[PDB]
$ cat structure.cif   # mmCIF, N, CA and C atoms
data_data
#
loop_
_atom_site.label_atom_id
_atom_site.label_comp_id
_atom_site.auth_asym_id
_atom_site.auth_seq_id
_atom_site.Cartn_x
_atom_site.Cartn_y
_atom_site.Cartn_z
N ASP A 1 7.87 8.93 -12.41
CA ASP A 1 8.42 7.56 -12.60
C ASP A 1 9.59 7.32 -11.63
N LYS A 2 10.15 6.13 -11.65
CA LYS A 2 11.32 5.82 -10.77
C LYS A 2 10.98 6.09 -9.29
N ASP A 3 11.15 7.30 -8.81
CA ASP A 3 10.79 7.61 -7.39
C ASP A 3 9.31 7.33 -7.14
N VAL A 4 8.84 7.62 -5.95
CA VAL A 4 7.39 7.43 -5.64
C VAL A 4 6.53 8.32 -6.54
N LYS A 5 5.40 7.82 -6.98
CA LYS A 5 4.45 8.66 -7.76
C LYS A 5 3.22 8.98 -6.91
N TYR A 6 2.33 9.79 -7.41
CA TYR A 6 1.09 10.11 -6.64
C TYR A 6 -0.12 9.40 -7.26
N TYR A 7 -0.51 8.29 -6.70
CA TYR A 7 -1.70 7.56 -7.21
C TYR A 7 -2.98 8.24 -6.71
N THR A 8 -4.11 7.90 -7.29
CA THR A 8 -5.39 8.51 -6.84
C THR A 8 -6.12 7.57 -5.88
N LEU A 9 -7.17 8.05 -5.25
CA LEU A 9 -7.96 7.19 -4.32
C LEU A 9 -8.96 6.33 -5.11
N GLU A 10 -9.37 6.80 -6.26
CA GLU A 10 -10.32 6.00 -7.10
C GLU A 10 -9.58 4.89 -7.85
N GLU A 11 -8.32 5.10 -8.14
CA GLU A 11 -7.52 4.05 -8.84
C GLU A 11 -7.14 2.93 -7.86
N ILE A 12 -6.80 3.29 -6.64
CA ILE A 12 -6.46 2.26 -5.62
C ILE A 12 -7.74 1.55 -5.15
N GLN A 13 -8.86 2.22 -5.19
CA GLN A 13 -10.15 1.58 -4.80
C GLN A 13 -10.83 0.93 -6.01
N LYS A 14 -10.10 0.67 -7.07
CA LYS A 14 -10.70 -0.01 -8.25
C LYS A 14 -10.20 -1.45 -8.37
N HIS A 15 -9.04 -1.73 -7.82
CA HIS A 15 -8.50 -3.12 -7.86
C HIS A 15 -9.17 -3.97 -6.77
N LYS A 16 -10.30 -4.55 -7.07
CA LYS A 16 -10.99 -5.43 -6.08
C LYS A 16 -10.28 -6.79 -6.00
N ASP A 17 -10.43 -7.60 -7.02
CA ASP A 17 -9.73 -8.92 -7.03
C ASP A 17 -8.74 -8.98 -8.20
N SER A 18 -9.23 -8.92 -9.41
CA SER A 18 -8.34 -8.92 -10.63
C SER A 18 -7.24 -10.00 -10.53
N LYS A 19 -6.08 -9.67 -10.00
CA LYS A 19 -5.00 -10.69 -9.85
C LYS A 19 -3.88 -10.14 -8.96
N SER A 20 -3.53 -8.89 -9.13
CA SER A 20 -2.47 -8.28 -8.28
C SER A 20 -3.06 -7.86 -6.93
N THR A 21 -2.30 -7.13 -6.14
CA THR A 21 -2.82 -6.64 -4.83
C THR A 21 -2.27 -5.25 -4.52
N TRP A 22 -3.13 -4.32 -4.19
CA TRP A 22 -2.66 -2.95 -3.84
C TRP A 22 -2.80 -2.71 -2.33
N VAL A 23 -1.87 -3.22 -1.55
CA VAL A 23 -1.91 -2.98 -0.08
C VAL A 23 -1.35 -1.59 0.23
N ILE A 24 -1.94 -0.90 1.17
CA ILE A 24 -1.41 0.44 1.56
C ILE A 24 -0.94 0.41 3.02
N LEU A 25 0.19 1.00 3.30
CA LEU A 25 0.68 1.05 4.71
C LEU A 25 0.23 2.36 5.37
N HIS A 26 0.85 3.45 5.01
CA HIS A 26 0.40 4.78 5.53
C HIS A 26 0.23 5.76 4.36
N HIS A 27 1.19 5.78 3.47
CA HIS A 27 1.08 6.65 2.26
C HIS A 27 1.53 5.88 1.02
N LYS A 28 2.61 5.14 1.13
CA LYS A 28 3.09 4.33 -0.03
C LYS A 28 2.07 3.24 -0.39
N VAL A 29 1.84 3.05 -1.66
CA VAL A 29 0.92 1.96 -2.11
C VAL A 29 1.75 0.75 -2.56
N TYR A 30 1.47 -0.41 -2.02
CA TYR A 30 2.25 -1.63 -2.41
C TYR A 30 1.51 -2.42 -3.49
N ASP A 31 2.17 -2.67 -4.59
CA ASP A 31 1.60 -3.59 -5.62
C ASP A 31 2.29 -4.95 -5.51
N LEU A 32 1.94 -5.71 -4.50
CA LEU A 32 2.64 -7.01 -4.25
C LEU A 32 1.98 -8.13 -5.05
N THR A 33 1.84 -7.94 -6.34
CA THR A 33 1.23 -9.01 -7.20
C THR A 33 2.16 -10.23 -7.26
N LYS A 34 3.44 -10.04 -7.05
CA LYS A 34 4.39 -11.19 -7.04
C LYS A 34 4.37 -11.88 -5.67
N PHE A 35 4.09 -11.13 -4.63
CA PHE A 35 3.99 -11.74 -3.27
C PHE A 35 2.71 -12.57 -3.15
N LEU A 36 1.67 -12.15 -3.83
CA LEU A 36 0.39 -12.93 -3.80
C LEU A 36 0.62 -14.34 -4.36
N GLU A 37 1.57 -14.49 -5.25
CA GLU A 37 1.87 -15.84 -5.81
C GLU A 37 3.09 -16.44 -5.11
N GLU A 38 3.97 -15.61 -4.59
CA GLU A 38 5.17 -16.13 -3.87
C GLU A 38 4.79 -16.54 -2.44
N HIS A 39 3.79 -15.91 -1.88
CA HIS A 39 3.33 -16.29 -0.51
C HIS A 39 1.91 -16.87 -0.57
N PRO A 40 1.82 -18.18 -0.73
CA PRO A 40 0.49 -18.84 -0.80
C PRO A 40 -0.38 -18.47 0.41
N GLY A 41 -1.18 -17.44 0.29
CA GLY A 41 -2.08 -17.05 1.41
C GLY A 41 -3.53 -16.99 0.91
N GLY A 42 -3.80 -16.14 -0.05
CA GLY A 42 -5.17 -16.06 -0.62
C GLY A 42 -5.37 -14.69 -1.29
N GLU A 43 -5.80 -13.72 -0.53
CA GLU A 43 -5.98 -12.35 -1.10
C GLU A 43 -5.34 -11.31 -0.17
N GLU A 44 -5.79 -11.23 1.05
CA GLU A 44 -5.19 -10.28 2.03
C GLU A 44 -4.21 -11.02 2.95
N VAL A 45 -2.94 -10.74 2.82
CA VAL A 45 -1.93 -11.41 3.71
C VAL A 45 -1.01 -10.36 4.36
N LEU A 46 -0.63 -9.35 3.63
CA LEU A 46 0.26 -8.29 4.21
C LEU A 46 -0.41 -7.63 5.42
N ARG A 47 0.05 -7.96 6.61
CA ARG A 47 -0.50 -7.32 7.85
C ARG A 47 -2.03 -7.41 7.89
N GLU A 48 -2.58 -8.50 7.41
CA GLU A 48 -4.08 -8.71 7.46
C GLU A 48 -4.80 -7.71 6.55
N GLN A 49 -4.70 -6.43 6.84
CA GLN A 49 -5.36 -5.39 5.98
C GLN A 49 -6.85 -5.69 5.83
N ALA A 50 -7.64 -5.32 6.81
CA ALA A 50 -9.11 -5.53 6.72
C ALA A 50 -9.83 -4.75 7.83
N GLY A 51 -9.28 -4.75 9.01
CA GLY A 51 -9.89 -3.97 10.13
C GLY A 51 -8.86 -3.76 11.24
N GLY A 52 -7.72 -3.22 10.90
CA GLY A 52 -6.67 -2.94 11.93
C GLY A 52 -6.66 -1.45 12.26
N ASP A 53 -5.53 -0.93 12.68
CA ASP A 53 -5.44 0.53 12.98
C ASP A 53 -3.97 0.94 13.14
N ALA A 54 -3.30 0.39 14.13
CA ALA A 54 -1.85 0.72 14.33
C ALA A 54 -0.99 -0.12 13.37
N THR A 55 0.31 0.05 13.44
CA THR A 55 1.21 -0.76 12.57
C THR A 55 2.31 -1.42 13.42
N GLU A 56 1.92 -2.11 14.47
CA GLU A 56 2.93 -2.82 15.31
C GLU A 56 3.34 -4.14 14.65
N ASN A 57 2.38 -4.96 14.32
CA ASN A 57 2.69 -6.25 13.63
C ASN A 57 2.80 -6.03 12.12
N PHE A 58 3.93 -5.54 11.67
CA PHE A 58 4.12 -5.33 10.20
C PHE A 58 4.03 -6.67 9.46
N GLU A 59 4.93 -7.58 9.74
CA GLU A 59 4.87 -8.93 9.10
C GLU A 59 4.44 -9.98 10.12
N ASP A 60 3.97 -11.11 9.66
CA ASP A 60 3.57 -12.20 10.60
C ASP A 60 4.66 -13.28 10.65
N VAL A 61 4.74 -14.11 9.65
CA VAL A 61 5.80 -15.17 9.62
C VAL A 61 5.86 -15.82 8.23
N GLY A 62 6.90 -16.57 7.97
CA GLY A 62 7.00 -17.28 6.66
C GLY A 62 8.26 -16.83 5.92
N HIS A 63 9.33 -16.61 6.64
CA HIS A 63 10.61 -16.21 5.99
C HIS A 63 11.80 -16.77 6.78
N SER A 64 11.82 -16.55 8.07
CA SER A 64 12.92 -17.10 8.94
C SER A 64 14.29 -16.60 8.46
N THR A 65 14.88 -17.25 7.49
CA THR A 65 16.21 -16.79 6.96
C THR A 65 16.10 -15.36 6.43
N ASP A 66 14.93 -14.95 6.02
CA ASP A 66 14.75 -13.55 5.53
C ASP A 66 14.32 -12.64 6.68
N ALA A 67 15.27 -12.05 7.36
CA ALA A 67 14.93 -11.11 8.48
C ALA A 67 14.62 -9.72 7.92
N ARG A 68 15.19 -9.38 6.79
CA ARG A 68 14.90 -8.05 6.17
C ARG A 68 13.41 -7.93 5.84
N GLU A 69 12.91 -6.73 5.78
CA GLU A 69 11.47 -6.53 5.42
C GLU A 69 11.28 -6.61 3.90
N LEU A 70 10.21 -7.20 3.46
CA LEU A 70 9.94 -7.28 1.99
C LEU A 70 9.18 -6.04 1.52
N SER A 71 8.46 -5.39 2.40
CA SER A 71 7.72 -4.15 2.02
C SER A 71 8.71 -3.04 1.66
N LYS A 72 9.22 -3.06 0.45
CA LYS A 72 10.16 -1.98 0.01
C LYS A 72 10.40 -2.08 -1.50
N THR A 73 10.56 -3.27 -2.00
CA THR A 73 10.75 -3.46 -3.47
C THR A 73 9.41 -3.75 -4.16
N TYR A 74 8.44 -4.24 -3.42
CA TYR A 74 7.10 -4.51 -4.03
C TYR A 74 6.20 -3.27 -3.90
N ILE A 75 6.71 -2.12 -4.27
CA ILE A 75 5.87 -0.88 -4.21
C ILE A 75 5.79 -0.23 -5.59
N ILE A 76 4.89 0.71 -5.76
CA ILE A 76 4.75 1.41 -7.08
C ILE A 76 4.78 2.93 -6.89
N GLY A 77 4.19 3.43 -5.83
CA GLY A 77 4.20 4.90 -5.58
C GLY A 77 3.41 5.19 -4.31
N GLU A 78 3.07 6.44 -4.09
CA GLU A 78 2.24 6.78 -2.90
C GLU A 78 0.83 7.19 -3.34
N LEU A 79 -0.06 7.37 -2.40
CA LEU A 79 -1.43 7.85 -2.75
C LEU A 79 -1.46 9.38 -2.74
N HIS A 80 -2.39 9.97 -3.45
CA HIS A 80 -2.51 11.46 -3.44
C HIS A 80 -2.80 11.95 -2.01
N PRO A 81 -1.85 12.65 -1.41
CA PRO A 81 -2.05 13.17 -0.02
C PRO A 81 -3.36 13.97 0.09
N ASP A 82 -3.85 14.49 -1.01
CA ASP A 82 -5.13 15.27 -0.98
C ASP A 82 -6.26 14.44 -0.36
N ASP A 83 -6.59 13.33 -0.96
CA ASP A 83 -7.67 12.46 -0.40
C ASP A 83 -7.15 11.60 0.76
N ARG A 84 -5.85 11.47 0.90
CA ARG A 84 -5.29 10.64 2.01
C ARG A 84 -5.45 11.35 3.36
N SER A 85 -5.02 12.58 3.45
CA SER A 85 -5.09 13.30 4.76
C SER A 85 -6.42 14.06 4.91
N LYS A 86 -6.50 15.30 4.47
CA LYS A 86 -7.76 16.09 4.60
C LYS A 86 -7.56 17.48 3.99
N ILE A 87 -7.92 17.64 2.74
CA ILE A 87 -7.79 18.98 2.09
C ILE A 87 -9.05 19.82 2.31
N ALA A 88 -9.49 19.93 3.54
CA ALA A 88 -10.67 20.79 3.84
C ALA A 88 -10.31 22.27 3.64
N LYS A 89 -10.24 22.70 2.40
CA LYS A 89 -9.90 24.13 2.12
C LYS A 89 -10.89 25.07 2.81
N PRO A 90 -10.43 25.80 3.82
CA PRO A 90 -11.31 26.75 4.55
C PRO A 90 -12.03 27.70 3.58
N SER A 91 -12.79 28.63 4.10
CA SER A 91 -13.49 29.61 3.21
C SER A 91 -12.46 30.40 2.38
N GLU A 92 -11.83 31.39 2.96
CA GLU A 92 -10.79 32.17 2.22
C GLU A 92 -10.07 33.13 3.18
N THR A 93 -9.88 32.73 4.41
CA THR A 93 -9.15 33.60 5.38
C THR A 93 -8.49 32.74 6.46
N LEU A 94 -7.70 33.36 7.31
CA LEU A 94 -7.05 32.60 8.42
C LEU A 94 -8.03 32.42 9.58
#
$ encode --input "structure.cif" --output "structure tokens"
Amino acid sequence: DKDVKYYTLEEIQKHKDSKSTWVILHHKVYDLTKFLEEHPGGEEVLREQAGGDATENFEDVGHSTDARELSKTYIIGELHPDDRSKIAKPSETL
């Protein structure tokens, strides 16, 4: 609790539409369900999130007076590094 938690890959891949939004950056999972209603966009608005790769364009526009990044308070925890990176456990030797 409080600090980042370890979410699973099946739990983050279960929120299709419902109402909130689980955007992922690199490891932290964002639950921006309040941004989905605070930023009239539709479903995917945080950095597009659909077919990108790098993270150069973090935000697009729609704040001006707000220069600080919003991706920090609208988070819940991180994803399980096991399915995130690659736990290819070798046979049993170096």
$ atom_distance --input "structure.cif" --atom1 "atom CA of residue 19 of chain A" --atom2 "atom CA of residue 70 of chain A"
19.4 Å
$ residues_around --input "structure.cif" --residues "residue 2 of chain A" --least-positions-apart "3" --cutoff "8 Å" --atoms "all atoms listed in the file" --output "list in words"
residues 5, 76 and 77 of chain A
$ select_by_dssp --input "structure.cif" --residues "chain A" --states "strand (DSSP E)" --output "MDAnalysis selection string"
chainID A and resid 6:7 22:24 28:31 75:79
$ atom_distance --input "structure.cif" --atom1 "atom N of residue 15 of chain A" --atom2 "atom C of residue 31 of chain A"
12.0 Å
$ atom_distance --input "structure.cif" --atom1 "atom C of residue 79 of chain A" --atom2 "atom C of residue 28 of chain A"
7.5 Å
$ resolve_selection --input "structure.cif" --expression "the PyMOL selection byres ((chain A and resi 6) around 5)" --output "PyMOL selection string"
chain A and resi 4-5+7-8+78-80
$ closest_residue --input "structure.cif" --among "A:3, A:55, A:73, A:61" --to "residue 25 of chain A" --atoms "all atoms listed in the file"
A:55
$ build_atoms --input "structure.cif" --residues "segment 14-26 of chain A" --atoms "N, CA, C and O atoms" --output "PDB file, in the frame of the given file"
ATOM      1  N   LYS A  14     -10.100   0.670  -7.070  1.00  0.00           N
ATOM      2  CA  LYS A  14     -10.700  -0.010  -8.250  1.00  0.00           C
ATOM      3  C   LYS A  14     -10.200  -1.450  -8.370  1.00  0.00           C
ATOM      4  O   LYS A  14     -10.863  -2.306  -8.913  1.00  0.00           O
ATOM      5  N   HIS A  15      -9.040  -1.730  -7.820  1.00  0.00           N
ATOM      6  CA  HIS A  15      -8.500  -3.120  -7.860  1.00  0.00           C
ATOM      7  C   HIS A  15      -9.170  -3.970  -6.770  1.00  0.00           C
ATOM      8  O   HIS A  15      -8.640  -4.132  -5.689  1.00  0.00           O
ATOM      9  N   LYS A  16     -10.300  -4.550  -7.070  1.00  0.00           N
ATOM     10  CA  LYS A  16     -10.990  -5.430  -6.080  1.00  0.00           C
ATOM     11  C   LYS A  16     -10.280  -6.790  -6.000  1.00  0.00           C
ATOM     12  O   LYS A  16      -9.585  -7.079  -5.047  1.00  0.00           O
ATOM     13  N   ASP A  17     -10.430  -7.600  -7.020  1.00  0.00           N
ATOM     14  CA  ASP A  17      -9.730  -8.920  -7.030  1.00  0.00           C
ATOM     15  C   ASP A  17      -8.740  -8.980  -8.200  1.00  0.00           C
ATOM     16  O   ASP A  17      -7.542  -9.033  -7.993  1.00  0.00           O
ATOM     17  N   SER A  18      -9.230  -8.920  -9.410  1.00  0.00           N
ATOM     18  CA  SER A  18      -8.340  -8.920 -10.630  1.00  0.00           C
ATOM     19  C   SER A  18      -7.240 -10.000 -10.530  1.00  0.00           C
ATOM     20  O   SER A  18      -7.450 -11.135 -10.910  1.00  0.00           O
ATOM     21  N   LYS A  19      -6.080  -9.670 -10.000  1.00  0.00           N
ATOM     22  CA  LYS A  19      -5.000 -10.690  -9.850  1.00  0.00           C
ATOM     23  C   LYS A  19      -3.880 -10.140  -8.960  1.00  0.00           C
ATOM     24  O   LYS A  19      -3.356 -10.837  -8.112  1.00  0.00           O
ATOM     25  N   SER A  20      -3.530  -8.890  -9.130  1.00  0.00           N
ATOM     26  CA  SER A  20      -2.470  -8.280  -8.280  1.00  0.00           C
ATOM     27  C   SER A  20      -3.060  -7.860  -6.930  1.00  0.00           C
ATOM     28  O   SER A  20      -4.194  -8.158  -6.614  1.00  0.00           O
ATOM     29  N   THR A  21      -2.300  -7.130  -6.140  1.00  0.00           N
ATOM     30  CA  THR A  21      -2.820  -6.640  -4.830  1.00  0.00           C
ATOM     31  C   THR A  21      -2.270  -5.250  -4.520  1.00  0.00           C
ATOM     32  O   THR A  21      -1.072  -5.025  -4.559  1.00  0.00           O
ATOM     33  N   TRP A  22      -3.130  -4.320  -4.190  1.00  0.00           N
ATOM     34  CA  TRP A  22      -2.660  -2.950  -3.840  1.00  0.00           C
ATOM     35  C   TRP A  22      -2.800  -2.710  -2.330  1.00  0.00           C
ATOM     36  O   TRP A  22      -3.702  -2.036  -1.879  1.00  0.00           O
ATOM     37  N   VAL A  23      -1.870  -3.220  -1.550  1.00  0.00           N
ATOM     38  CA  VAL A  23      -1.910  -2.980  -0.080  1.00  0.00           C
ATOM     39  C   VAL A  23      -1.350  -1.590   0.230  1.00  0.00           C
ATOM     40  O   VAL A  23      -0.362  -1.168  -0.345  1.00  0.00           O
ATOM     41  N   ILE A  24      -1.940  -0.900   1.170  1.00  0.00           N
ATOM     42  CA  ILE A  24      -1.410   0.440   1.560  1.00  0.00           C
ATOM     43  C   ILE A  24      -0.940   0.410   3.020  1.00  0.00           C
ATOM     44  O   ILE A  24      -1.624  -0.108   3.885  1.00  0.00           O
ATOM     45  N   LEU A  25       0.190   1.000   3.300  1.00  0.00           N
ATOM     46  CA  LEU A  25       0.680   1.050   4.710  1.00  0.00           C
ATOM     47  C   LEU A  25       0.230   2.360   5.370  1.00  0.00           C
ATOM     48  O   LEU A  25      -0.719   2.383   6.129  1.00  0.00           O
ATOM     49  N   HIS A  26       0.850   3.450   5.010  1.00  0.00           N
ATOM     50  CA  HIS A  26       0.400   4.780   5.530  1.00  0.00           C
ATOM     51  C   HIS A  26       0.230   5.760   4.360  1.00  0.00           C
ATOM     52  O   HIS A  26      -0.776   6.425   4.240  1.00  0.00           O
TER      53      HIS A  26
END
